[PDB]
Every structure is written in C-alpha cells, then in structure tokens.
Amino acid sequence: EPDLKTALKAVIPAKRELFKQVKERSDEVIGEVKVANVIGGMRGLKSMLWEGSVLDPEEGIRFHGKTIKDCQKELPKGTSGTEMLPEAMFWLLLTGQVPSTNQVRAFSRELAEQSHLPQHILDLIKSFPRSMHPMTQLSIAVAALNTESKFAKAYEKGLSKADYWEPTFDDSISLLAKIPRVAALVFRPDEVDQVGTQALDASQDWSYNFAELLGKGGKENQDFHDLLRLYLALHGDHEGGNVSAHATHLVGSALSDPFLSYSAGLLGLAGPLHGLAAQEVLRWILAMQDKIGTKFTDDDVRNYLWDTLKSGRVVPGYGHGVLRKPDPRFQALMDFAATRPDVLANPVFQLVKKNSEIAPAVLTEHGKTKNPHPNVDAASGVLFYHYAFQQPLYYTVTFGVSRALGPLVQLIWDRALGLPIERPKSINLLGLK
C-alpha cells in the first residue's frame, strides 16, 4: 500500500484545484472587521486558512468532519491497547483519509528509525541549568534541530515554489520522530547520553516509544501507554487560531523551516494562557486537596470554588474563547478514566470529577465566566499524576509533543498551495478614533 508521502502526493492535485476555485472568488465578502476585533486579539475574525480541523462552537473539534468518537472508532490502534494512534491522526490530518493498519505500521517504523539526534543537541541540552523551565528547554532544542533542516538548505540553493512542499514534509517527519526523544531528555537530565542515543523498538508505536524513553516502558505501564496515545491524538490540532498553531504558521509563512517555525509554536505553548493551563489546573486541584482533604464533600468543593471566585481568582480549566459546550477532548479523557477502577479510586481524580459536576453551575451563578464547561485541561494533568508522572512542570512538554502534529500538517499544505507571508495591517488607538 502507499506510504504517507505517496498518499499526500495523490491528494495534492485535488487540493490545488479546490484552491483555484476558491481563489476565483477572491472579491467575495465573508465578514466584517470591527473595532472589537482590533483591540480584542482578533477574536471572532475569520482571517486564516486551516485545512485539517474545524472547531465547531457546538460540537467541538472535528478533523476532516470527523468527531473525536468517529476517530476513536476508525483510526488504527497499537499492536496492543485500546486507544487510537497519534500517527494515524497525523495521517488523517494530512491526507483527508484514514490509513489502513499496515500503512500506520510502516509509518510508526519511520518515526522510530528517524528518532536519533546529532551530538550537538546532546551537548546543548547538557548545558541547560536544571532550573530552566521544561518548555524553554523544549523550544530551544527544537530550534537547534534546524541545523538538520532539508527545507532551509534546499531553499538556500534555489528552489522552485512547486518543490517547497517535499522538503517541508521531510523536515516535518524528522521533527515528529525526534521530538519525543528531546522531550524525554528534558525529563531525564541525569541520563542524557543513554536516553539520547537509545535505539527505539522498530515495531512499537510513537507513544509507546516515547513512554520507554521516559522510563515507563513494559507491561506494567500498559494503561499509561493508552493514556499517552489518546492524549497525544486529542491535542494534535485545534484549528489555526490557537497561539501555537498560529505562531508556527506565521513564522513558517516567512519560509522559516519547520524546526524554527514549530519552535515559535512551542514558545507560544509555554504561555500561561495557552499550554501551561493543564499544569495550573493540577496545582490548583492539589492546593484544594491540601485545604479540604481526601475525604472531601460536595460542600467543601463548593465553598472552595466560591472562595476562589470571591478573591478575584479564576477556576482554571473551565471556559473557552470559541467553544460553547463541554469539550469533547475532556469527555474522551473522562471516558478513558471510567473503565480504570484504580484511576477512579484515586482521590485526586475524584476531586477533578466532583469539581466537574459542581463548577459549571457555580461559575454560571457567579456570572463572569463565558461558557463555564470543563475544557480538556481540567482533566489531563490528573491522569498523568495518577500514572506516577507527579512532576506537573513537565505535563506541558507532552502537550508540546502532541501539538507538533497539526501545525506541521498545515505547514506542508501552506507550502504546497504557495500561501504568502502572513502580513496583517496594524493601527494605533488614535487612528481608531
């Protein structure tokens, strides 16, 4: 059966024809720009192209029209376990098609084989102080991988616009292969020489191998391997509007290669209002457990919610900029938890769950939070914590692994369609008067 590159090569003509048709309608009006859009971070403004996913305010995120549940049903699984593979999600995002299981196996083999790192990346990582925030470490080491960029070199030689997409593809695959190893090196700074050169099991999936590099390989960790697969698939893409996806696209649009461009995305993911949300939730939950105890009641949880809000604080992991109904990424994680009795017996999980049953009504009554349903960040941290990954500073590093998926797909499409530099116009306050 076709490999990924071949499969992408077969859908490129249909995408280019679709693009030509849309371009023939260039003069068509689709929206207004208001003052609110200028001062409000472009919120509500339909102004960028993004092929792979469309975030529906009522249904949540869809991937070529498929729900999360559709993807959990249709996408190939690992050689063992129950959860859909992130490599299969990548295939679907890129091509618009669901790969066969043996297509995904040949693709997982590519990701295991291209995972090795040049020596200088080991040296760079070993120079980091141990107190350097893990997302800073991750962003820096991805950027540094630009020494290996095929796009950057091919471009420097003279490269036709028609040939841009293929080196972009080769670099994207290279990045995906290497990023879990860079992530594990962030986690395991005393073992950089071992973990940074360890050969990966050639028949295991991307997430399994990631877990092995984290020191969480083997039979004993098989539920965690499924969590990881699900988590990485769920977080791979969420439209083009989010800061990490947009930053990748923006930097990429200047023809910076995928290593540089996704490094910009990771720097945006390091933001407290973007990728660090999950870490903040776990901290807030643990401080709540600390005050009210493991034999907490609804009443305890309700008072702590009210005490948080009355002090002028936010309840993290609730509300969204676009979403209007409960986040189907949150629900898919809650559904994973529902069938693991040991997760359900964990009080920190019980606390997350009870909080998800009470918080939405408290927040509505308090009245300052837009659509106060749980988002994915409400739950992800506590599930990692359960599996003895009790170092919340590193949860965002896993988000960084996942989130390479969707934005790299769109970079490939950007270069294949020949999209120009992203260049809005700016204005001052005095100009708006």
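Start at 1 and count along the sequence shown; that's the residue number.
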Item to check | Of 54 to 62 and 40 to 48, the stretch whose C-alpha atoms average the higher B-factor in the entry | outcome: 54 to 62
Item to check | Greater mean Cα temperature factor according to the PDB record, 259 to 267 or 207 to 215 | outcome: 207 to 215
Item to check | Residue, from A154, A112, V182, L230, that the PDB entry assigns the highest Cα B-factor | outcome: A154
Checklist outcome for this item: Residue set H246, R329, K178, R313, per-entry CA B-factor max assigned to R313
Next on the checklist: Using only modelled residues of the chain, where does the Cα B factor of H235 rank: lowest third, middle third or highest third?
Outcome noted: lowest
Item to check | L393 by Cα B-factor - lowest, middle or highest third of the modelled chain | outcome: highest
Checklist entry - With respect to C-alpha B-factor, does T168 fall in the lowest, middle or highest third of the chain as deposited? => result lowest
Checklist entry - For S380, does the deposited CA B-factor place it in the lowest, middle or highest third of the chain? => result lowest
Checklist entry - Is the Cα B-factor recorded for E87 in the lowest, middle or highest third of its chain? => result lowest
